[PDB]
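Only one chain is included here, represented as structure tokens and corresponding to the form deposited in one PDB entry.
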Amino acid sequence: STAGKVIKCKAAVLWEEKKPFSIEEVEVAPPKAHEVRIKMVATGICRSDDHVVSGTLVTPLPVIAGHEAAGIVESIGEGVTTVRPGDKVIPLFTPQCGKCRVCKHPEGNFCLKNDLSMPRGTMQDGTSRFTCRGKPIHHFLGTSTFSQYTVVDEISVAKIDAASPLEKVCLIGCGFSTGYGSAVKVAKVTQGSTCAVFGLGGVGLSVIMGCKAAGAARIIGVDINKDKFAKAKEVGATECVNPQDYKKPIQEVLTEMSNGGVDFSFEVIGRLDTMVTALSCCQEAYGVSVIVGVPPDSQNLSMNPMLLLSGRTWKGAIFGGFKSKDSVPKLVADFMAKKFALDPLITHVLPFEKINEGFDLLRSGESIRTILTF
């Protein structure tokens, strides 16, 4: 029995930037008041985890990364009311406190209790539940899912269907929900519209899924890796284009293809240049462009505000605009009811001990999502 005790378990510790994860024993403290300790079942490899490795995202190190996952509650601290030991759960990298001005707003989801903006790498109480070789180890986004066991604040976990296949629904913890919601909730793609999706990884494929669900007539996938095109078409892309194939800038190509600009464009890469290209390729008077990707820390883009003055709308979002704790259980129920598919995003399934090999698959271009299984 482990309840109320320190757990010694295996985790993937990132000691410094641009190094492999170290798979080794950590100590996981028991949960405090309003905290939940979770036995991990499956976690996906999201590009945002790689950004921590590459230094694209700045967060306190050493760290246990991982934010796209699912597991089973091992124990609860005093005062927890929303989950119980044995429940299937998804950690929420965007919390839902329910009390802040954002949580109370009908269209906000970026709860003020988040650890993204100005990352501390801690629990809500400003402390860590992790140690390794006698050193405190930081949390990541309140989730830290690259560990056999994590501790999360109650506002950072959702209870899901007891019959959920956790090796699939972990993707609802980040990439699926983000892409799908970016299309259906943030952009509000319309029936009959033309969409352009920049970046055909797990998140961009989920954007395509959402654009198709919303009834788009044309969905143009854009990627410099033509090996991504077949799966993009399988999930709804009507055309795919590789910028490297053209003498013209791809905003000009997409404007010509769409007879004057697209209805909706999505940046799903993380480059400043593609954010401006994606804005430019939407129709100047009524186009909408959504930033989904994460670019390098502290870098500004340059753009001409006449792109906006003519009528364009430019927005971005975290986690597809979904209020995380309300939405995750409903997305899992919708998946269980066959309303969308997750298998098209899963290219590789590896044991957790092969985390580095999973990152190498992402970095090489081979994979979409690798699911690590504990």
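The first residue of the sequence shown is number 1, and the count goes up from there. Definition used throughout: the rigid core is the maximal C-alpha set that superposes within 1.5 Å between two forms.
A second form of this protein, the form deposited in another entry, is not displayed here; the remarks below concern that form.
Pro243 is the only residue from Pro165, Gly77, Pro243, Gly98 whose Cα shifts by 2 Å or more between this form and the one not shown, the rigid core being superposed. Remark: with the core as the superposition reference, the CA shift of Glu107 between this form and the one not shown stays below 2 Å.
Core-aligned CA deviation for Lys226 between this form and the one not shown: 2 Å or greater. When two forms of a protein are overlaid on their rigid core, residues whose CA moves 2 Å or more are considered shifted, and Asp125 is not one of them between this form and the one not shown.
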